[PDB]
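Shown next: coords-v3.cif, containing mmCIF, C-alpha atoms and all ligand atoms.
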```
data_protein
loop_
_atom_site.group_PDB
_atom_site.id
_atom_site.type_symbol
_atom_site.label_atom_id
_atom_site.label_comp_id
_atom_site.auth_asym_id
_atom_site.auth_seq_id
_atom_site.Cartn_x
_atom_site.Cartn_y
_atom_site.Cartn_z
ATOM 1 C CA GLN N 22 49.731 54.058 -0.121
ATOM 2 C CA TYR N 23 46.846 56.388 -0.355
ATOM 3 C CA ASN N 24 46.553 57.011 -4.082
ATOM 4 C CA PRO N 25 42.954 56.735 -5.261
ATOM 5 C CA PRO N 26 42.060 53.853 -7.524
ATOM 6 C CA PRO N 27 42.848 54.037 -11.212
ATOM 7 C CA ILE N 28 40.002 55.161 -13.515
ATOM 8 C CA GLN N 29 38.471 52.672 -16.044
ATOM 9 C CA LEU N 30 35.713 53.479 -18.543
ATOM 10 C CA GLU N 31 33.305 50.574 -19.022
ATOM 11 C CA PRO N 32 31.197 50.692 -22.245
ATOM 12 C CA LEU N 33 27.509 51.175 -21.377
ATOM 13 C CA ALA N 34 25.718 51.562 -24.747
ATOM 14 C CA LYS N 35 25.799 53.252 -28.136
ATOM 15 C CA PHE N 36 23.068 55.912 -28.346
ATOM 16 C CA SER N 37 21.455 57.232 -31.502
ATOM 17 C CA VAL N 38 19.282 60.302 -30.701
ATOM 18 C CA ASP N 39 16.705 61.530 -33.242
ATOM 19 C CA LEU N 40 16.051 65.342 -33.458
ATOM 20 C CA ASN N 41 13.228 65.081 -36.038
ATOM 21 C CA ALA N 42 11.435 68.388 -35.321
ATOM 22 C CA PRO N 43 12.218 72.018 -36.057
ATOM 23 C CA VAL N 44 14.570 73.851 -33.643
ATOM 24 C CA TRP N 45 13.093 76.788 -31.753
ATOM 25 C CA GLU N 46 15.643 79.595 -32.352
ATOM 26 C CA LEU N 47 15.017 82.078 -29.521
ATOM 27 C CA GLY N 48 17.923 84.394 -30.437
ATOM 28 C CA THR N 49 20.174 86.194 -28.028
ATOM 29 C CA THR N 50 18.304 86.019 -24.713
ATOM 30 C CA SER N 51 21.248 87.224 -22.532
ATOM 31 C CA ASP N 52 24.930 88.043 -22.890
ATOM 32 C CA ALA N 53 25.610 84.251 -22.583
ATOM 33 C CA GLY N 54 24.499 83.743 -26.220
ATOM 34 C CA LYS N 55 21.734 82.293 -28.392
ATOM 35 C CA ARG N 56 19.087 80.058 -26.811
ATOM 36 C CA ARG N 57 18.123 77.057 -28.991
ATOM 37 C CA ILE N 58 15.456 74.488 -27.881
ATOM 38 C CA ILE N 59 16.118 71.325 -29.866
ATOM 39 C CA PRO N 60 13.356 68.655 -29.466
ATOM 40 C CA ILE N 61 14.330 65.049 -28.841
ATOM 41 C CA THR N 62 11.811 62.913 -30.765
ATOM 42 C CA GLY N 63 13.120 59.370 -30.311
ATOM 43 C CA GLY N 64 16.090 57.117 -30.948
ATOM 44 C CA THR N 65 17.757 53.932 -29.726
ATOM 45 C CA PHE N 66 20.476 52.596 -27.452
ATOM 46 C CA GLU N 67 22.362 49.302 -27.628
ATOM 47 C CA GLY N 68 24.911 47.849 -25.177
ATOM 48 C CA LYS N 69 25.728 44.593 -23.396
ATOM 49 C CA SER N 70 23.660 45.432 -20.242
ATOM 50 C CA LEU N 71 21.379 48.209 -21.550
ATOM 51 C CA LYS N 72 19.167 48.152 -24.678
ATOM 52 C CA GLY N 73 15.998 49.986 -25.743
ATOM 53 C CA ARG N 74 14.508 53.128 -27.269
ATOM 54 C CA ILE N 75 14.291 56.845 -26.590
ATOM 55 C CA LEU N 76 10.738 58.161 -26.199
ATOM 56 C CA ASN N 77 9.235 61.355 -27.716
ATOM 57 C CA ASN N 78 9.961 63.688 -24.767
ATOM 58 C CA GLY N 79 12.295 66.508 -23.864
ATOM 59 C CA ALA N 80 14.969 68.491 -25.607
ATOM 60 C CA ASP N 81 18.415 70.061 -25.528
ATOM 61 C CA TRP N 82 18.052 73.540 -23.985
ATOM 62 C CA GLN N 83 21.259 74.815 -25.628
ATOM 63 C CA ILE N 84 23.235 78.066 -25.458
ATOM 64 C CA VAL N 85 25.609 78.993 -28.322
ATOM 65 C CA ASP N 86 28.081 81.782 -27.478
ATOM 66 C CA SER N 87 29.818 84.285 -29.807
ATOM 67 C CA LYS N 88 32.829 82.057 -30.163
ATOM 68 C CA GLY N 89 30.951 78.891 -31.408
ATOM 69 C CA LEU N 90 30.857 77.096 -28.100
ATOM 70 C CA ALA N 91 27.608 75.190 -27.549
ATOM 71 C CA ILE N 92 26.651 74.373 -23.950
ATOM 72 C CA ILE N 93 24.445 71.232 -23.784
ATOM 73 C CA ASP N 94 21.649 70.821 -21.162
ATOM 74 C CA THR N 95 19.163 68.008 -21.824
ATOM 75 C CA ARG N 96 16.209 66.150 -20.272
ATOM 76 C CA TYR N 97 14.858 63.012 -22.007
ATOM 77 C CA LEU N 98 13.425 59.540 -21.384
ATOM 78 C CA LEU N 99 14.571 55.944 -22.041
ATOM 79 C CA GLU N 100 12.430 52.795 -22.287
ATOM 80 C CA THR N 101 14.472 49.607 -21.996
ATOM 81 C CA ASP N 102 13.689 46.492 -24.036
ATOM 82 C CA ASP N 103 12.266 44.889 -20.844
ATOM 83 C CA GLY N 104 10.043 47.907 -20.012
ATOM 84 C CA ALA N 105 11.927 49.995 -17.432
ATOM 85 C CA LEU N 106 11.749 53.824 -17.618
ATOM 86 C CA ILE N 107 14.953 55.810 -17.080
ATOM 87 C CA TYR N 108 15.019 59.649 -16.877
ATOM 88 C CA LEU N 109 18.270 60.924 -18.444
ATOM 89 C CA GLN N 110 20.002 64.343 -18.101
ATOM 90 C CA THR N 111 23.125 65.176 -20.147
ATOM 91 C CA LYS N 112 25.416 68.224 -19.891
ATOM 92 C CA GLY N 113 28.567 69.192 -21.741
ATOM 93 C CA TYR N 114 30.237 71.079 -24.594
ATOM 94 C CA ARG N 115 30.504 71.126 -28.387
ATOM 95 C CA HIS N 116 33.185 73.265 -30.076
ATOM 96 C CA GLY N 117 35.579 73.124 -33.023
ATOM 97 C CA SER N 118 38.629 70.929 -32.354
ATOM 98 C CA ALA N 119 41.901 72.751 -31.668
ATOM 99 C CA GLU N 120 43.391 71.591 -35.008
ATOM 100 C CA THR N 121 40.268 72.481 -37.037
ATOM 101 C CA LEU N 122 40.265 76.012 -35.548
ATOM 102 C CA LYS N 123 44.064 76.374 -36.189
ATOM 103 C CA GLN N 124 43.569 75.472 -39.849
ATOM 104 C CA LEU N 125 40.684 77.909 -40.216
ATOM 105 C CA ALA N 126 42.762 80.676 -38.582
ATOM 106 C CA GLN N 127 45.362 80.160 -41.347
ATOM 107 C CA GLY N 128 42.833 80.156 -44.220
ATOM 108 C CA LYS N 129 43.246 76.444 -44.876
ATOM 109 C CA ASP N 130 40.090 74.690 -46.128
ATOM 110 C CA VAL N 131 39.254 71.933 -43.582
ATOM 111 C CA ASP N 132 37.464 68.791 -44.891
ATOM 112 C CA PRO N 133 35.764 67.582 -42.791
ATOM 113 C CA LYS N 134 35.727 69.932 -39.813
ATOM 114 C CA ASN N 135 36.242 68.045 -36.509
ATOM 115 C CA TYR N 136 34.602 68.843 -33.177
ATOM 116 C CA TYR N 137 35.143 68.318 -29.478
ATOM 117 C CA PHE N 138 31.698 66.980 -28.321
ATOM 118 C CA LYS N 139 31.712 65.375 -24.854
ATOM 119 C CA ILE N 140 29.010 64.969 -22.215
ATOM 120 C CA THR N 141 28.303 63.862 -18.621
ATOM 121 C CA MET N 142 25.233 61.732 -17.899
ATOM 122 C CA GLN N 143 22.840 61.446 -14.891
ATOM 123 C CA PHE N 144 20.198 58.687 -14.613
ATOM 124 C CA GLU N 145 17.032 58.108 -12.512
ATOM 125 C CA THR N 146 15.090 54.841 -12.378
ATOM 126 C CA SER N 147 13.139 52.725 -9.879
ATOM 127 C CA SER N 148 13.890 49.392 -11.690
ATOM 128 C CA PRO N 149 16.127 47.133 -9.522
ATOM 129 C CA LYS N 150 17.877 45.896 -12.671
ATOM 130 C CA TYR N 151 19.014 49.407 -13.686
ATOM 131 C CA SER N 152 19.153 51.243 -10.354
ATOM 132 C CA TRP N 153 22.981 50.993 -10.245
ATOM 133 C CA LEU N 154 22.898 53.850 -12.749
ATOM 134 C CA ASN N 155 21.359 56.113 -10.068
ATOM 135 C CA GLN N 156 24.728 56.126 -8.264
ATOM 136 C CA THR N 157 27.349 55.735 -11.007
ATOM 137 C CA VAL N 158 29.164 58.566 -12.823
ATOM 138 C CA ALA N 159 28.974 58.350 -16.660
ATOM 139 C CA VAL N 160 30.275 60.159 -19.749
ATOM 140 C CA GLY N 161 29.766 60.195 -23.517
ATOM 141 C CA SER N 162 31.733 60.883 -26.705
ATOM 142 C CA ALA N 163 29.362 62.310 -29.320
ATOM 143 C CA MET N 164 29.040 63.365 -32.948
ATOM 144 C CA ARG N 165 26.348 65.332 -34.839
ATOM 145 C CA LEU N 166 24.953 63.635 -37.998
ATOM 146 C CA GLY N 167 22.381 66.076 -39.419
ATOM 147 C CA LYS N 168 19.233 66.033 -37.260
ATOM 148 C CA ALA N 169 20.708 63.316 -35.014
ATOM 149 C CA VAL N 170 23.404 62.854 -32.386
ATOM 150 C CA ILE N 171 25.311 59.552 -32.082
ATOM 151 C CA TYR N 172 27.358 58.881 -28.935
ATOM 152 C CA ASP N 173 29.208 56.147 -27.098
ATOM 153 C CA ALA N 174 28.283 56.065 -23.379
ATOM 154 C CA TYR N 175 30.633 54.780 -20.634
ATOM 155 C CA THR N 176 30.391 54.364 -16.862
ATOM 156 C CA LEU N 177 33.309 55.141 -14.531
ATOM 157 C CA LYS N 178 34.419 51.952 -12.864
HETATM 158 CL CL CL W 201 8.784 67.732 -24.688
HETATM 159 CL CL CL W 202 39.769 70.204 -28.953
HETATM 160 CL CL CL W 203 30.180 66.758 -33.999
HETATM 161 CL CL CL W 204 23.970 69.648 -30.772
HETATM 162 CL CL CL W 205 19.603 66.535 -41.493
#
```

For the file at hand, write its structure as structure tokens.
Amino acid sequence: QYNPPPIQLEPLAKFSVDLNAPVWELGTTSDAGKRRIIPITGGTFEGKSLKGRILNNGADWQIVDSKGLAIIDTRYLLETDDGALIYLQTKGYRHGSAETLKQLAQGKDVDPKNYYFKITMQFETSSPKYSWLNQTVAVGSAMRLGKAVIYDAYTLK
């Protein structure tokens, strides 16, 4: 039978992104919401097959709407432990979790507030060791921690 194969998520690496620069708050640049340019200054990643650091390059070019949805749109740059460069783009959404927003709507003090923060990932490299990532779909589960984002990256197998 013709069912497509089952989906498995294979751990890629744990990312720790540093945002150690002031945010450029451009205000409401269209009906879509507030434009925020959030510099990416460095960080690290650590997984079985992929390890290294994030360089000082790029940003999240974010839009925050009137309902507290953030739309993520990034460009940044990885340097593996063995010296390969990998251009990364992430896209996705950050918003209050359904339960957190329900509690707030009832006047119930929520501690801590929880968020839906999920991304898709696109890679570009010329290194033969890492070029599989040029043609593999990948996703992340993220969390803000002050001027940092931590996320677990997975490939679709
Ligand atoms: Cl930059
Ligand atoms: Cl949710
Ligand atoms: Cl979060
Ligand atoms: Cl963010
Ligand atoms: Cl902070």

How would you write, as a PyMOL selection string, the set of residues no farther than 10 Å from ligand CL 203 (chain W) when counting all atoms listed in the file?
chain N and resi 115-118+134-139+162-167+170-172

Taking C-alpha atoms for each residue, export the selection above as a compact mmCIF listing (two decimals), in the frame of the given file.
```txt
# COMPACT_ATOMS: atom_id res chain seq x y z
CA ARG N 115 30.50 71.13 -28.39
CA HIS N 116 33.18 73.26 -30.08
CA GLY N 117 35.58 73.12 -33.02
CA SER N 118 38.63 70.93 -32.35
CA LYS N 134 35.73 69.93 -39.81
CA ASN N 135 36.24 68.04 -36.51
CA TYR N 136 34.60 68.84 -33.18
CA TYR N 137 35.14 68.32 -29.48
CA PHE N 138 31.70 66.98 -28.32
CA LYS N 139 31.71 65.38 -24.85
CA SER N 162 31.73 60.88 -26.70
CA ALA N 163 29.36 62.31 -29.32
CA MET N 164 29.04 63.36 -32.95
CA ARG N 165 26.35 65.33 -34.84
CA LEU N 166 24.95 63.64 -38.00
CA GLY N 167 22.38 66.08 -39.42
CA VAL N 170 23.40 62.85 -32.39
CA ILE N 171 25.31 59.55 -32.08
CA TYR N 172 27.36 58.88 -28.94
```

Distance criterion (all atoms listed in the file): nearest to ligand CL 201 (chain W) out of N:84, N:61, N:177, N:106
N:61

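Nearest residue to residue 91 of chain N, choosing from N:71, N:30, N:174, N:53 and counting all atoms listed in the file: N:53.
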
For ligand CL 204 (chain W), which residue among N:47, N:40, N:98, N:119 is the nearest when counting only C-alpha atoms and all ligand atoms?
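Nearest to ligand CL 204 (chain W): N:40.
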
Assuming the chain letters and numbering stay as they are in my file, what does the PyMOL selection byres (((chain N and resi 142-158) around 6) and not hetatm) actually select? List them as a ChimeraX atom specification.
/N:107-111,141,159-160,176-177

Using all atoms listed in the file, what table do you get, as a Markdown table, when you list each residue of chain N with an atom no more than 8 Å from ligand CL 201 (chain W), its nearest pair of atoms, and their distance in Å rounded to one decimal, rows by chain then rising number?
```
| residue | atom | partner | partner_atom | distance |
| --- | --- | --- | --- | --- |
| N:60 | CA | W:CL201 | CL | 6.7 |
| N:61 | CA | W:CL201 | CL | 7.4 |
| N:77 | CA | W:CL201 | CL | 7.1 |
| N:78 | CA | W:CL201 | CL | 4.2 |
| N:79 | CA | W:CL201 | CL | 3.8 |
| N:80 | CA | W:CL201 | CL | 6.3 |
```

Pairwise distance for atom CA of residue 57 of chain N and atom CL of ligand CL 202 (chain W), rounded to one decimal in Å
22.7 Å

Residues within 10 Å of residue 131 of chain N, only C-alpha atoms, excluding chain neighbours under 3 positions, as a PyMOL selection string:
chain N and resi 120-125+128+134-135

Would you mind exporting the chosen residues as a short mmCIF file (atom, residue, chain, number, x, y, z; two decimals), in the coordinates of the input, restricted to C-alpha atoms?
```cif
data_model
loop_
_atom_site.label_atom_id
_atom_site.label_comp_id
_atom_site.auth_asym_id
_atom_site.auth_seq_id
_atom_site.Cartn_x
_atom_site.Cartn_y
_atom_site.Cartn_z
CA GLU N 120 43.39 71.59 -35.01
CA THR N 121 40.27 72.48 -37.04
CA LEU N 122 40.26 76.01 -35.55
CA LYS N 123 44.06 76.37 -36.19
CA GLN N 124 43.57 75.47 -39.85
CA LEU N 125 40.68 77.91 -40.22
CA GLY N 128 42.83 80.16 -44.22
CA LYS N 134 35.73 69.93 -39.81
CA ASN N 135 36.24 68.04 -36.51
#
```

Atom CA of residue 59 of chain N and atom CA of residue 86 of chain N, how far apart in Å?
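Between atom CA of residue 86 of chain N and atom CA of residue 59 of chain N the gap is 16.1 Å.
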
Would you please work out which residue, of N:132, N:69, N:140, N:64, is nearest to residue 94 of chain N when using all atoms listed in the file?
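Among the listed residues, the smallest separation from residue 94 of chain N belongs to N:140.
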
Can you work out which one of N:22, N:62, N:50, N:95 has the shortest atom-to-atom distance to ligand CL 204 (chain W), counting all atoms listed in the file?
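Distance minimum relative to ligand CL 204 (chain W) lands on N:95.
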
Counting only C-alpha atoms, the option among N:104, N:32, N:63, N:113 closest to residue 82 of chain N:
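Ranked by minimum distance to residue 82 of chain N, first place goes to N:113.
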
Adding 4 Å on each side of the box along x, y and z that holds all listed atoms of segment 91-101 of chain N, could you give its centre and edge lengths in Å to one decimal, as AutoDock Vina command-line options?
```
--center_x 20.0 --center_y 62.4 --center_z -23.9 --size_x 23.2 --size_y 33.6 --size_z 15.3
```

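When you apply the PyMOL selection byres (((chain N and resi 73) around 12) and not hetatm) to this structure, what comes back is residues 34, 35, 36, 37, 38, 63, 64, 65, 66, 67, 68, 69, 70, 71, 72, 74, 75, 76, 98, 99, 100, 101, 102, 103, 104, 105, 106 and 107 of chain N.
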
Quote the spacing between atom CA of residue 130 of chain N and atom CA of residue 169 of chain N in Å to one decimal place.
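Straight-line distance from atom CA of residue 130 of chain N to atom CA of residue 169 of chain N works out to 25.1 Å.
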